[PDB]
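Heads up, the thing below is written out as structure tokens.
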Amino acid sequence: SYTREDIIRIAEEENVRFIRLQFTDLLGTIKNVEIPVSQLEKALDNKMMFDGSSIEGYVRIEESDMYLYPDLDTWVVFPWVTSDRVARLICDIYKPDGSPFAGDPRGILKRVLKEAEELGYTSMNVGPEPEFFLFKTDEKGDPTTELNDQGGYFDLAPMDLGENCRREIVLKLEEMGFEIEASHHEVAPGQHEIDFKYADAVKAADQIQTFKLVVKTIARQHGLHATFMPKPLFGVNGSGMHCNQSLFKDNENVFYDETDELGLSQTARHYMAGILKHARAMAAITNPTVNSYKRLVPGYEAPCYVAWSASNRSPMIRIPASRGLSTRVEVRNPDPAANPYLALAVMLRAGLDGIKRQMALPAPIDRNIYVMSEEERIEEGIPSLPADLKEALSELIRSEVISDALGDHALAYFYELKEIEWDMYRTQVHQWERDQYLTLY
Amino acid sequence: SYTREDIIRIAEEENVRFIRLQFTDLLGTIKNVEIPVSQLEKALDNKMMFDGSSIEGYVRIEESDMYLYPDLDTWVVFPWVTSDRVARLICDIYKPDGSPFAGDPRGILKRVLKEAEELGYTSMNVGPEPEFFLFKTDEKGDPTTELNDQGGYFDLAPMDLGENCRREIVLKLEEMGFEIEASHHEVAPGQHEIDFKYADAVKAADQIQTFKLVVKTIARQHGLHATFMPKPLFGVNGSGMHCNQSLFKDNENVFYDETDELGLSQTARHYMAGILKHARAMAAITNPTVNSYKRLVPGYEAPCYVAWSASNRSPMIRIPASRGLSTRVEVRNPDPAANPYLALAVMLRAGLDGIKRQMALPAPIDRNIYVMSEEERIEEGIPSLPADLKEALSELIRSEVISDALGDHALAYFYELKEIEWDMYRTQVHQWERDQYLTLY
Amino acid sequence: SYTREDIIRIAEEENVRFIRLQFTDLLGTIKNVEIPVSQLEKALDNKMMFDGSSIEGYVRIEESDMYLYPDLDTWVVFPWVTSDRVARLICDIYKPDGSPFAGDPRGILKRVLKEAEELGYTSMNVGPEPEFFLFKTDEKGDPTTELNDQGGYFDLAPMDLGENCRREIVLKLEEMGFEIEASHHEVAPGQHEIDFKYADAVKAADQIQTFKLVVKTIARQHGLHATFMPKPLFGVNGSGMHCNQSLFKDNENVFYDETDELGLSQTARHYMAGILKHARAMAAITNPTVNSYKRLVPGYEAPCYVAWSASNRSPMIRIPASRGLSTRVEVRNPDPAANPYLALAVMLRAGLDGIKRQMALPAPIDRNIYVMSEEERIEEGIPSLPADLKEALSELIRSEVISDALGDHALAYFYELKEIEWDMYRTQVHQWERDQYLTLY
Amino acid sequence: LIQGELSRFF
Amino acid sequence: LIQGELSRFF
Amino acid sequence: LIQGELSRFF
Amino acid sequence: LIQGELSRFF
Amino acid sequence: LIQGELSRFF
Ligand SMILES: NC(=O)CC[C@H](N)C(=O)O
Ligand SMILES: NC(=O)CC[C@H](N)C(=O)O
Ligand SMILES: NC(=O)CC[C@H](N)C(=O)O
Ligand SMILES: [Mg+2]
Ligand SMILES: [Mg+2]
Ligand SMILES: [Mg+2]
Ligand SMILES: [Mg+2]
Ligand SMILES: [Mg+2]
Ligand SMILES: [Mg+2]
């Protein structure tokens, strides 16, 4: 923990000259206001005013005035091995009248956590698994189509010190204070995964944001480009952001049950049932981009159907073999492009709705895999995820449970942003069309 | 503050070998006379003689002789991390008979501040918001069409240390003694904004000049090109120089009124009314270049109509939500290409005229925005800013209020400069004309 | 003259296989409908239906249906020295109910000629002087910045047969049946002028259209590009379309008067007075493009002021030394980019208004030329032509005389087209702005 | 009205 | 509504 | 079913 | 007043 | 008379 005096003492001792008042918009892009150390005391008094309409993205209509309220527990100093140290503070957005901004994703996640606490659950324990690609750059600094390496699953390809981004990323994260569980080479060439240790939902989302920033910074430092795009290349594996989740009640894992055959309590089963029922509604949030649904194709371990299993090629929900206090429910739809706060909020809200409505868990899918016909698929009651962004947007609009989690203000702006994105995408004429046609016709 | 003995002591202690006797011409370009430290005592005796006709720009017709009178309070040492330190002094221009030069913009601003003080207002509190673009350079050192980054509004795009000009600029300014409020990435790619803390009008204009010089120097140092051109690229956001202003009377903000619904006193409302009435007259000063009116086009947040609001897409005058001693009137027409002294002088003179004549403030524009027709626009009494430099020049010539603020000597030379510029611009045949025509006709 | 039987006989005898049903839109671009010779009889029955909204240009909103009514007297066979001969017919546009289309420029000129005939003037004798530039082409066939030659005024630069376009153009025109008076090299390098023999106004405009088409075709045939753009290059002479005009009443030149000192009748003087009074109103028609007003700059023989003379550097109206039946009033504002039908119509309407109102002719400008100041210029009552397209559009809108000549339907569409063109032009950022700024600011 | 923000798509 | 005709400016 | 892992041959 | 004729020197 | 200063336009 930290206090105002502690922050001032550390900043004076560490010779910090630059402070980043970091926050997040609806699209998940990392936003911040730069600050010289001479304004640190003013920042700590919650007296910095900025636009605030930047949260709305490119659909902002008018300039507003909003205040930044830094969270002292998020203070950290970047270890960029240079003089004039740079520090950061993660801030919440407040209206000039003192009320919190309704469109802040962090505030949305906090409100969902509060309504979870109202049910007796003290915290939501979340451990994400972000994957990213490393691309080579040209003389002008732009990413090329060449990967940084040609390693495979769990390979030792980026060895030694030459352009070893994965080692440096883990080292710098550990120096910052990150709790890193493990990291490994991913399935596709040039793909890497770093797994964090488990923490509370707000801290987990802050860690995801900081991790993306650190990965991009260190990759650019080595003459490489890091991307979290869900499907950068056709025919290769995409990047996922599987989120392991478990509810807690005073350091007691309520998802655990020793008497259960699978070690899953009734509360856990209700949670998974609620997540499964509202899957197509949250697809627009956990898979927010157009490219997100190019990843959700069969044959690349990404989930394409709404079903749960303990062992399958690509289930919607997977139950890891770990038990005891580490029993978890792993949701595999989200990609790293998704907003961490919004994705965690919608998943938690769906689980809470399932718990409250005592939903019945559908039977798990056995070793049988999805070569079955569509008639066999809907005969067994196995739904499918939306095929594109428009279907997910329609499902989100028609959904009343997760739209309430988003809130009235944020839902309208998110819908406007995604509709504009889809409208821009759908009218483009791609090179594939010119390759197929323009000679046949 | 500083004295002659203090300046000599600091120069001897700091090993200063070069002193820049910096001043400004009518076009706003930064001018200076180099001086070895052995001439510092002669400079402090107001005995340095130079041309002085360089103030008139490229329309000077004869060589004159004028003296430089340095302002000791403007002394500063550049922190260019090199031996043989370089210092600067900002000087006023005086005729050989001892009278101040009428064509000095700093003297014009001082005279306007004096006639404001004659009304009982001790100071003009001004905080500008200069925005600029960063362009890449080629092997020969000339700017290209490529931006330094592709960030968005309030993005954290220039991270790390690689070509991080914004961080270095803030750090060097803070080392110089600048009071920087905050900085952020601007809407357009490659666009950056640094906001200063508020100060008196003369100090604010000196800070604007020093800020432009420092930004250009640091950007050049990183193999980049910094420009304050109002509209460098078509189809992207331009660069503005919004100036927050508030009149003070013995550390009392006369613009504040707790009883008012919007927290605006009658004096403040008269000030905004006076600024609105004379808008088209000062447009030639706050938007002095031909390119300045390519920014004043709809759809890029730049103001195009003379109207005020508390919340709108792009009003002429915006009233920030801050109240108390920070209540301000924000004027958004000026671009960074404008002369700071002249722009502040004309804005203050228009506000003073409104205060003296007790002008009636027109009603603010509501959430209704300008899709209305021209008949609806002039039925509601909403004027428009000049479409090009020629209209603004004609309005300035026909105006008696701000022409008196400029003065007889400066007005003629500014008009000659702008007329020559417009005449050169209007006879050019651009590539757009050759693209549209030369094949159709 | 020709008849249906004559046209069929010639087409069968000449082995004509292609017929171009040529017409004109509001912008002056040459439009046509292709027709196989098997449809010639159907075309001659005024039964061909086409869109007709193509006349309105790029501001057409809905598809209509209109009929083409060919003019048998305009029949001609192109001498392109190849088999499968190609012929053309010039057609008037008619609504399906049988009434002529109000937006056809040829119909507008015919209506103006009819209202002239109602005053007792049998014909309008018009001889134009179109000038054009010849540019070299690259390997891809696009025009370059290199001229075809470097000749001067009345030079013999393009001699022999090596790319001798001027000679070929005259020969092919004479073979077609054109009455060519003379041709010569123009002032600027690569500039050429061909003068036709005088004819009636409708025939003169048809000849202008055919001349432009033939010049472009022959120039393209020689690996060159012909343009009628008013000012393709800065610093060199532009291209004008001076139109010599004289009213006739049963082969009697009513402009002639032996008793007059200058050989000008009272009717002629009233005609010139009417043209001079309405000059700024017709400027939007005779100079319809943005580039048209880059030609109207001093020093290049183009007229910039509304005044008449018998000998001057660049008067609006020049009276040639020819007398008797060849006494003419030469109007020098129009450029070849102007619509011939519309320009002739508005000039004739202004002259008729002057004749009807018995306008007083202002005194001619003496050998004194326009180094005089603006005060001297408006003290002598010398108006100036509009500086750009916007001023001309405003003058046209405020004018009631020539707007009636245009008609209600055509005026709105022409105004919309020109407003869109000006709006596109005014927001562009040109290379000149980037050269002047982006380094100074 | 919002053209300068949609420059990402152009 | 009229976008395909204004392609001469783009 | 195994397409993303067989990318070594493509 | 004669600029367009002196273009041979420019 | 002022030609050396107007070189910025040439
Ligand atoms: N083996 C793995 O877990 C890879 C997962 C895969 N990259 C996905 O996007 O889900
Ligand atoms: N979001 C903003 O305030 C940008 C302002 C804009 N650049 C202008 O020129 O006014
Ligand atoms: N007649 C000439 O000498 C040339 C005329 C000039 N080209 C013009 O545009 O008017
Ligand atoms: Mg993985
Ligand atoms: Mg996993
Ligand atoms: Mg700004
Ligand atoms: Mg502002
Ligand atoms: Mg000629
Ligand atoms: Mg002539």
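Ordered as shown in the structure tokens, chains take letters A, B, and onward, while each chain numbers its residues from 1 and ligands are numbered from 1 in the order shown.
A distance search around ligand 3 (6 Å at most, only C-alpha atoms and all ligand atoms) returns the following protein and nucleic acid residues: residues 237, 238, 239, 240, 301 and 302 of chain C.
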Writer output for current selection, N, CA and C atoms, as a PDB file, in the first residue's frame:
ATOM      1  N   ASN C 237       1.683  33.371 -70.077  1.00  0.00           N
ATOM      2  CA  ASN C 237       0.394  33.836 -70.572  1.00  0.00           C
ATOM      3  C   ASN C 237      -0.655  32.735 -70.472  1.00  0.00           C
ATOM      4  N   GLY C 238      -1.889  33.144 -70.176  1.00  0.00           N
ATOM      5  CA  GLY C 238      -3.013  32.234 -70.166  1.00  0.00           C
ATOM      6  C   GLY C 238      -3.650  32.097 -71.537  1.00  0.00           C
ATOM      7  N   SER C 239      -4.722  31.313 -71.582  1.00  0.00           N
ATOM      8  CA  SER C 239      -5.475  31.078 -72.806  1.00  0.00           C
ATOM      9  C   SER C 239      -6.822  31.779 -72.718  1.00  0.00           C
ATOM     10  N   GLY C 240      -7.131  32.596 -73.724  1.00  0.00           N
ATOM     11  CA  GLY C 240      -8.387  33.302 -73.800  1.00  0.00           C
ATOM     12  C   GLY C 240      -9.235  32.830 -74.972  1.00  0.00           C
ATOM     13  N   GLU C 301      -1.876  40.346 -70.496  1.00  0.00           N
ATOM     14  CA  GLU C 301      -2.815  40.784 -71.526  1.00  0.00           C
ATOM     15  C   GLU C 301      -4.256  40.387 -71.233  1.00  0.00           C
ATOM     16  N   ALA C 302      -4.519  39.662 -70.156  1.00  0.00           N
ATOM     17  CA  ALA C 302      -5.898  39.350 -69.812  1.00  0.00           C
ATOM     18  C   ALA C 302      -6.565  40.569 -69.179  1.00  0.00           C
TER      19      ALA C 302
END
Closest pair table for chain H residues within 12 Å of chain C, only C-alpha atoms, as JSON lines:
{"residue": "H:6", "atom": "CA", "partner": "C:436", "partner_atom": "CA", "distance": 11.7}
{"residue": "H:7", "atom": "CA", "partner": "C:436", "partner_atom": "CA", "distance": 11.0}
{"residue": "H:8", "atom": "CA", "partner": "C:436", "partner_atom": "CA", "distance": 7.4}
{"residue": "H:9", "atom": "CA", "partner": "C:436", "partner_atom": "CA", "distance": 7.3}
{"residue": "H:10", "atom": "CA", "partner": "C:436", "partner_atom": "CA", "distance": 10.0}
Go ahead and write the residues just picked, N, CA and C atoms, as a compact mmCIF listing (two decimals), in the first residue's frame.
# COMPACT_ATOMS: atom_id res chain seq x y z
N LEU H 6 12.16 39.89 -50.53
CA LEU H 6 11.07 39.06 -51.04
C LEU H 6 11.55 37.75 -51.63
N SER H 7 12.80 37.34 -51.36
CA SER H 7 13.32 36.09 -51.89
C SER H 7 12.66 34.86 -51.26
N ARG H 8 11.93 35.03 -50.15
CA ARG H 8 11.25 33.90 -49.54
C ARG H 8 10.13 33.37 -50.43
N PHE H 9 9.57 34.22 -51.29
CA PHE H 9 8.52 33.80 -52.22
C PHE H 9 9.08 33.25 -53.53
N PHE H 10 10.39 33.34 -53.74
CA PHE H 10 10.99 32.87 -54.98
C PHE H 10 12.01 31.76 -54.71
Throw together the list of residues within 9 Å of ligand 6, counting only C-alpha atoms and all ligand atoms, and drop it here as an mmCIF file with N, CA and C atoms, in the first residue's frame.
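This went into selection06.cif:
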data_model
loop_
_atom_site.group_PDB
_atom_site.id
_atom_site.type_symbol
_atom_site.label_atom_id
_atom_site.label_comp_id
_atom_site.auth_asym_id
_atom_site.auth_seq_id
_atom_site.Cartn_x
_atom_site.Cartn_y
_atom_site.Cartn_z
ATOM 1 N N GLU B 129 -2.609 27.189 -24.778
ATOM 2 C CA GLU B 129 -2.607 25.754 -25.058
ATOM 3 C C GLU B 129 -2.038 25.521 -26.452
ATOM 4 N N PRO B 130 -0.726 25.693 -26.626
ATOM 5 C CA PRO B 130 -0.130 25.548 -27.963
ATOM 6 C C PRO B 130 -0.033 24.084 -28.371
ATOM 7 N N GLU B 131 -0.403 23.803 -29.617
ATOM 8 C CA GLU B 131 -0.274 22.478 -30.203
ATOM 9 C C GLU B 131 0.653 22.546 -31.408
ATOM 10 N N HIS B 184 -0.149 16.213 -23.315
ATOM 11 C CA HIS B 184 -0.823 15.016 -23.798
ATOM 12 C C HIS B 184 -0.663 14.937 -25.308
ATOM 13 N N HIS B 185 -0.983 13.767 -25.851
ATOM 14 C CA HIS B 185 -1.045 13.595 -27.294
ATOM 15 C C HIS B 185 -2.332 14.207 -27.829
ATOM 16 N N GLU B 186 -2.238 14.840 -28.992
ATOM 17 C CA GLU B 186 -3.370 15.546 -29.566
ATOM 18 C C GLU B 186 -4.145 14.620 -30.504
ATOM 19 N N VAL B 187 -5.225 15.147 -31.087
ATOM 20 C CA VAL B 187 -6.149 14.321 -31.861
ATOM 21 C C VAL B 187 -5.456 13.728 -33.083
ATOM 22 N N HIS B 192 1.022 17.123 -30.780
ATOM 23 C CA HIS B 192 1.287 17.156 -29.350
ATOM 24 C C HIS B 192 0.893 18.513 -28.792
ATOM 25 N N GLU B 193 0.477 18.527 -27.526
ATOM 26 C CA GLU B 193 0.079 19.749 -26.844
ATOM 27 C C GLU B 193 0.747 19.805 -25.479
ATOM 28 N N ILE B 194 1.300 20.965 -25.139
ATOM 29 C CA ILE B 194 1.867 21.221 -23.819
ATOM 30 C C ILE B 194 1.173 22.451 -23.252
ATOM 31 N N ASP B 195 0.590 22.309 -22.066
ATOM 32 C CA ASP B 195 -0.137 23.392 -21.418
ATOM 33 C C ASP B 195 0.702 23.969 -20.288
ATOM 34 N N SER B 239 -3.798 22.728 -35.735
ATOM 35 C CA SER B 239 -3.187 23.112 -34.470
ATOM 36 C C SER B 239 -3.748 24.453 -34.020
ATOM 37 N N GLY B 240 -4.249 24.499 -32.787
ATOM 38 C CA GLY B 240 -4.781 25.709 -32.206
ATOM 39 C C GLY B 240 -3.945 26.192 -31.031
ATOM 40 N N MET B 241 -4.238 27.418 -30.608
ATOM 41 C CA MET B 241 -3.559 28.071 -29.493
ATOM 42 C C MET B 241 -4.600 28.713 -28.577
ATOM 43 N N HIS B 242 -5.568 27.907 -28.139
ATOM 44 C CA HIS B 242 -6.579 28.378 -27.198
ATOM 45 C C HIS B 242 -5.927 29.110 -26.034
#
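Interatomic distance, atom CA of residue 285 of chain A to atom CA of residue 422 of chain A: 14.4 Å.
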Secondary structure check, helix (DSSP H, G or I) residues of chain F, as a list in words: residues 6, 7, 8 and 9 of chain F
Saved selection, atoms kept: C-alpha atoms, as a PDB file, in the first residue's frame:
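What landed in out_20.pdb:
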ATOM      1  CA  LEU F   6       0.569 -28.302 -38.908  1.00  0.00           C
ATOM      2  CA  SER F   7       1.705 -24.831 -40.035  1.00  0.00           C
ATOM      3  CA  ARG F   8       5.322 -26.048 -40.160  1.00  0.00           C
ATOM      4  CA  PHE F   9       4.553 -27.738 -43.496  1.00  0.00           C
TER       5      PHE F   9
END
12 Å contact set for residue 139 of chain A, only C-alpha atoms, chain neighbours under 3 positions out, as an NGL selection string: :A and (136 or 142-144 or 223-224)
